[PDB]
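Student: To start, I am sharing the structure in question, which I have written as structure tokens.
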2 protein chains.
Amino acid sequence: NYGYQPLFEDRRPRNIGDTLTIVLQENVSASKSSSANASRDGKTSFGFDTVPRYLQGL
Amino acid sequence: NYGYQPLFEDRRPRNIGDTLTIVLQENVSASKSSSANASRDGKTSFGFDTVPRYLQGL
């Protein structure tokens with residue numbers, strides 16, 4: 001003799017020892033990224049090609 | 001004489017010694033992957049090509 005069993009309810013596991021099907025469908029995906037940058041240029045110049053006489057002292 | 005046998009119920013195994021057909025259909029597939037990376041560059045420079053006279057001491 002087994003216990004009371006419902007009629008219209010689905011067959012769910014209810015006690016220790018009942019079986020149940022697992023459908024393994026796992027799909028995980030993670031990601032990350034980053035960056036950084038910096039820059040600097042400089043260029044100076046000056047040239048007195050032909051100096052007049054009254055400025056030759058400087 | 002064999003025991004009571006139902007009429008409309010399907011032929012399921014009920015006692016020790018009854019036979020039952022298993023349809024082996026197994027298909028499992030798992031996978032995983034990962035990665036990582038890092039990078040760094042640097043480049044500095046400085047050059048005094050033509051130094052004026054009043055700065056020659058530095």
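Residue names in the structure tokens use chain letters A, B, ... in the order shown, residue numbers from 1 in each chain, and ligand numbers from 1 in the order shown.
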Got a sec to pull out which chain B residues are within 10 Å of chain A, counting only C-alpha atoms, and send them as a PyMOL selection string?

Tutor: chain B and resi 28-50+52

Student: Could you jot down the CA of residue 1 in chain B to CA of residue 18 in chain B separation for me, Å, one decimal place?

Tutor: 16.7 Å

Student: How far is it from CA of residue 10 in chain A to CA of residue 10 in chain B, in Å with one decimal?

Tutor: 19.5 Å

Student: In Å, rounded to a single decimal, give me how far CA of residue 17 in chain B is from CA of residue 6 in chain A.

Tutor: 28.9 Å
